[PDB]
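Here the Cβ is made from the backbone with ideal geometry for all residues, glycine too, and neighbour counts use every protein chain on show. The values are calculated or read from the model by the stated rules, or taken from the named source; none is laboratory data.
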Ligand SMILES: Nc1nc2c(ncn2[C@@H]2O[C@H](COP(=O)(O)OP(=O)(O)OP(=O)(O)O)[C@@H](O)[C@H]2O)c(=O)[nH]1
Ligand SMILES: Nc1nc2c(ncn2[C@@H]2O[C@H](COP(=O)(O)OP(=O)(O)O)[C@@H](O)[C@H]2O)c(=O)[nH]1
Ligand SMILES: [Mg+2]
């Protein structure tokens, strides 16, 4: 059975969730009504009528985003109980999300999660989708993560976190919300996959030739990467078969649980018939910084763990030959206490794309998951922005007025300073 | 449902308020009978923000009309959209405030204030999820000034969890009814600093300057000045009224635009400056120009703490992004370095009436201290000679109230200077 | 008095001595009222423009002209602390005991403002010390409530 | 070059390539924290209300007659 429950919090979490479940349906042959003309039972429950229902919860503090799901293409895919909404949002304020507005819906959200957990006979844990920037994405997620650690003590919790970018962002206070949620979620998360909106924006512009990527364009690319990471949990492979394995394979130091994901190839659907990329070409592209989900320089960092997840027409001996070349021509430095080896997974189904979408259907794809000290650069970027504003106490009054102590800002920043030091200590 | 309760107080408040309703009703396709007749569903998507749904497909402004002078009732009711307003939402006195803040705040205004609050309560309680309040008034008179600020403080104690937003008309000798205007405005600013979340500073000095210097209008009427006010009011409320990912409610706007609780006085701007098609780089340059500001302050003399820019119409969104980033890169010294990415842009497909493209500017600038310095200097010239002080003390006011208002406005000026000189250490 | 009336009021407020003279000769109305009923006399009396007060009075200005609050130019010069103007208005027949809409006499206003020398000249010219404003306060009461010891001694001699 | 952990599944295959070896109920506290925040927010709003109730006493100090 080994079930996994997906939780989508706030606008970013919900919209990425929409793209993920659309792609999961196409991969598993499930129609938008849940009918299908099983390894995927880990993510989809089955009714008496033969209807395949996602083991998913969608939460937002205001109703406009979830109302679009309730009336859209997939209105019959999810049950109404799985789609929870409040009346007033968190207004880009972590304090409203966590304290004043979040406290009003937390018990109802946990009751709905419990209803899905009761349908499980071997619940592995949770996959949590949310932004760092939103008041709900930041504040409500940290409150829910705190409550899930108490109510499901032995269960694994993994995150897919939307890291803010000025090219794609809604708030000047987003660096505050990002540090606040990281501090309060750190001890409650086993593994977190950060998705830098600037990296996704760059890939859509550079590889898909989309000058102005919409949330649809960005989310279809994000869902393609998320699917590459969760495929192992949905198809019964040999690498990352359970939520616990993600921690075992990628996280040797508990606080340093932020692996860098690198995806290839990203090809435009609207481009002339090209010779398909070989295993060697897509593997080489895994060490190209332009293909990363988080902007950072891994040549400045050291590797703790490295997993390569192939999908499609991929011969194991061709992977071995590709990896041999990578250990020669490129300088991949591992920490002196880590085995230096690359863990390999192969899913033989052809990669799936949304029909009529921007992404071209490819013969072979790869997602590399690497735990590198280079990702500390993304923490430094957020911390610097936090520092600039906090030194003047700019915007802090909004948080203090919404059930938060000013001291929580200092406690959060001190934890981030300790995290930056943890990375620096491993990096030598 | 994100409802806003609109309040209009005094002669200025009701005139600019009526013009706001005529302009936004045209944009939303609402005729004076409350019937919808537009061609787009985007017009009705967020109609509930400013309008109540009435019997048989009709829409009624969520507006409360207040004045101590009874003749204001008649003028609004006779206007083109006069009939659109709910008759029980007209709260009018009979004696007037005689351009005296004390009469509006403590005498005539204090007698009418409960009647207004009953109407505010009725509108607020019917809201599915109240965002907050929007008030239109001048600071130079007696009703809008005195009674408006009394109304604000009473609403603040009854609804402390709701946003208080004002469109406050600053007096100028260029457009002046009396010499007691600096007293009325200083006494009001003191109240605004403490009791509003965000204030749009509509400066009559800037309105006069735009009319004469930009359109060469030699004898501007209040109608000529109000054309700029209504264009600005429509622009700054665009993201509240039309489907839009950015600046959805008043709280989210206040959170990102106000770094310090007292520094909530915005310098509005508008482009193109018309009368009763520009390119994206032309709109962008005009929007950041001193000549297009609705507050008589030079942006070049201060630094922007935060900026919001709303572009309206069919235009290249790529061009908007490039142009907005270009202003920040080329003119880095006019934006504080210690609030990263403090310039936010939103684009709305629907342009205002008689325009294909427009841009609305909302600046939280330290340069606004020039407007407060101007009023303070006029207040001090008058107060040192105690000229007309008996008008206020005769209503029960003490001279200490004047001294306190003066100190708090000067404290506000020094606070802006503190952040203008602050370094990103 | 149309454009001349507004121009005369502007020049008396600004203290444009020569511009007031130019406008009189051109026929500007001496008692041309403003929005609050203030004549150029009231404006010169508030702002302390002694020469303008004298030119206006020689050109037949109404020394006892009341604005809409009922204040004559004597009430205003007494409030604003212009001793020399209070002396000139008095010599030109100003009403020492004129009452505004609040019951204030010029003595009420000089006592509240704490203008010791003005109180002395008002009393010399016959200001009634027993006059009560609509709050039921005499000028002696005003000084004692303000805490003005020097002024309460100056007014006790008659009251 | 060394190939360990050769795990063969239904729709997949997995292994390692080692180039070189290493050289060498808390629920009550949640309620107490949310309680504190709520009691602090109320204390903040009650202080704003006392300051406005203070001004109301000053305005009643005018309409005496
Ligand atoms: N990739 C991606 N990022 C998104 C999306 N929507 C918003 N974001 C990002 O997420 C942040 C905004 O947070 P949200 O999740 O939208 O806010 P929220 O959690 O709903 O809270 P409220 O906005 O107050 O309702 C910014 O960094 C945005 O750039 C989306 O659909 N895709
Ligand atoms: N922009 C603008 N300013 C006005 C208008 N009417 C009055 N004012 C200004 O507002 C002040 C007078 O206040 P007002 O609201 O008319 O009187 P009240 O009813 O006693 O508050 C002066 O500074 C005028 O210049 C108007 O229609 N437009
Ligand atoms: Mg939202």
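Which of the following residues is more than 28 Å from residue B:196 (Cβ to Cβ) and in a loop (DSSP other than H, G, I, E, B): B:296, B:277?
Working: B:296 fails: more than 28 Å from residue B:196 (Cβ to Cβ).
After ruling out the rest, the residue left standing is B:277.
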Going residue by residue through the stretch C:14-30, is there one that turns out to be over 15 Å from the mean Cα position of the chain (by Cα), closer than 17 Å to residue B:381 by Cβ and buried (at least 16 other Cβ atoms within 10 Å of the Cβ)? yes
The residue from A:17, A:48 that alone is crowded, with 24+ Cβ neighbours inside 10 Å and either away from chain B (no Cβ under 14 Å) or within 16 Å of ligand 2 (Cβ to nearest atom) (or both) is A:17
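Is it fair to say residue C:89 is away from chain B (no Cβ under 13 Å), within 10 Å of the chain's Cα centre (by Cα), surrounded by 24 or more Cβ atoms within 10 Å (Cβ to Cβ) and part of a helix (DSSP H, G or I)?
Numbers: away from chain B (no Cβ under 13 Å): yes; within 10 Å of the chain's Cα centre (by Cα): yes; surrounded by 24 or more Cβ atoms within 10 Å (Cβ to Cβ): yes; part of a helix (DSSP H, G or I): yes.
Spelling it out, residue C:89 is indeed away from chain B (no Cβ under 13 Å), within 10 Å of the chain's Cα centre (by Cα), surrounded by 24 or more Cβ atoms within 10 Å (Cβ to Cβ) and part of a helix (DSSP H, G or I).
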In the list D:51, D:40, which residue meets the criterion of being at the interface with another protein chain (Cβ under 8 Å from one of its Cβ atoms) and part of a helix (DSSP H, G or I)? D:40
Name the one entry in B:261, B:243 that is farther than 26 Å from residue B:190 by Cα, in contact with a helix residue (DSSP H, G or I) (Cβ under 6 Å, 6 or more places away or on another chain) and either assigned by CATH to the domain that holds residue B:41 or not in a strand (DSSP E or B) (or both). B:243
Pick from the stretch A:129-157 the residues that are in a strand (DSSP E or B) and surrounded by 24 or more Cβ atoms within 10 Å (Cβ to Cβ): which of them is farthest from ligand 1 (Cβ to nearest atom)? A:129
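Looking at B:230, B:153, B:176, B:188, which one is out of contact with any strand residue (DSSP E or B) (no Cβ under 6 Å at 6 or more places or on another chain) and under 20 Å from residue B:62 (Cα atoms)?
Going through B:230, B:153, B:176, B:188 in turn, the sole match is B:230.
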All positions within the stretch A:327-369 that are over 30 Å from residue A:25 (Cβ atoms) and assigned to a strand (DSSP E or B): A:334, A:342
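Is at least one residue of the stretch A:13-21 more than 10 Å from ligand 1 (Cβ to nearest atom) and under 23 Å from the mean Cα position of the chain (by Cα)? Explain how you work it out, then say what you get.
Keep residues of the stretch A:13-21 that are more than 10 Å from ligand 1 (Cβ to nearest atom), which gives A:20-21.
Then drop every residue that is not under 23 Å from the mean Cα position of the chain (by Cα), which leaves A:20-21.
Checked against the condition, which is being more than 10 Å from ligand 1 (Cβ to nearest atom) and under 23 Å from the mean Cα position of the chain (by Cα), the stretch A:13-21 yields at least one hit.
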Within the stretch B:43-69, restricting attention to residues that are surrounded by fewer than 16 Cβ atoms within 10 Å (Cβ to Cβ) and away from ligand 3 (no atom under 16 Å from the Cβ), which residue is farthest from residue B:139 (Cα to Cα)? B:56
Examine the stretch B:188-203 for a residue that is within 14 Å of chain A (Cβ to nearest Cβ), in contact with a helix residue (DSSP H, G or I) (Cβ under 7 Å, 6 or more places away or on another chain), within 16 Å of ligand 1 (Cβ to nearest atom) and in a loop (DSSP other than H, G, I, E, B), and state whether such a residue exists. no
Spot the failing condition for residue B:232; the list is (1) away from chain A (no Cβ under 14 Å); (2) crowded, with 23+ Cβ neighbours inside 10 Å; (3) in contact with a helix residue (DSSP H, G or I) (Cβ under 9 Å, 6 or more places away or on another chain), and only one is missed. (3)
Just to verify a result, which residue in the stretch A:157-194, among those that are more than 23 Å from residue A:413 (Cβ to Cβ) and more than 14 Å from chain B (Cβ to nearest Cβ), is nearest to ligand 2 (Cβ to nearest atom)? A:160
Of all helices (runs of 4 or more DSSP H) completely enclosed by the stretch B:352-425, which ones contain at least 2 residues that are farther than 19 Å from residue B:184 by Cβ and touching a helix residue (DSSP H, G or I) at 6+ places or on another chain (Cβ under 7 Å)? B:369-384, B:399-421
Determine whether the stretch B:160-177 contains at least one residue that is part of a helix (DSSP H, G or I) and more than 16 Å from ligand 1 (Cβ to nearest atom). no
If you scan the stretch A:51-89, which residues turn out to be surrounded by 23 or more Cβ atoms within 10 Å (Cβ to Cβ), part of a strand (DSSP E or B) and within 14 Å of chain B (Cβ to nearest Cβ)? A:60
Any pair with Cβ under 6 angstrom, 6 or more apart, that starts in the stretch A:70-98 at a residue that is closer than 20 Å to residue A:26 by Cβ and ends at one that is in a loop (DSSP other than H, G, I, E, B) and away from ligand 1 (no atom under 12 Å from the Cβ): A:73/A:32; A:74/A:32; A:76/A:33; A:77/A:32; A:77/A:34
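Only one residue in C:107, C:57 is within 27 Å of residue C:24 (Cα to Cα) and either within 14 Å of chain B (Cβ to nearest Cβ) or part of a helix (DSSP H, G or I) (or both), so which one is that?
Working: C:107 fails: within 27 Å of residue C:24 (Cα to Cα).
None of the others qualify; the one that does is C:57.
When only residues in the stretch B:241-253 that are surrounded by fewer than 20 Cβ atoms within 10 Å (Cβ to Cβ) and in contact with a strand residue (DSSP E or B) (Cβ under 7 Å, 6 or more places away or on another chain) count, which is nearest to residue B:306 (Cα to Cα)? If you could, list the steps in order and put the result at the bottom.
Kept after step one, since they are surrounded by fewer than 20 Cβ atoms within 10 Å (Cβ to Cβ), are these residues of the stretch B:241-253: B:243-246.
Subsequent filtering for residues that are in contact with a strand residue (DSSP E or B) (Cβ under 7 Å, 6 or more places away or on another chain) retains B:244, B:246.
On the way: B:244: 20, B:246: 15 Å.
Once the filter is applied, the top-ranked residue is B:246.
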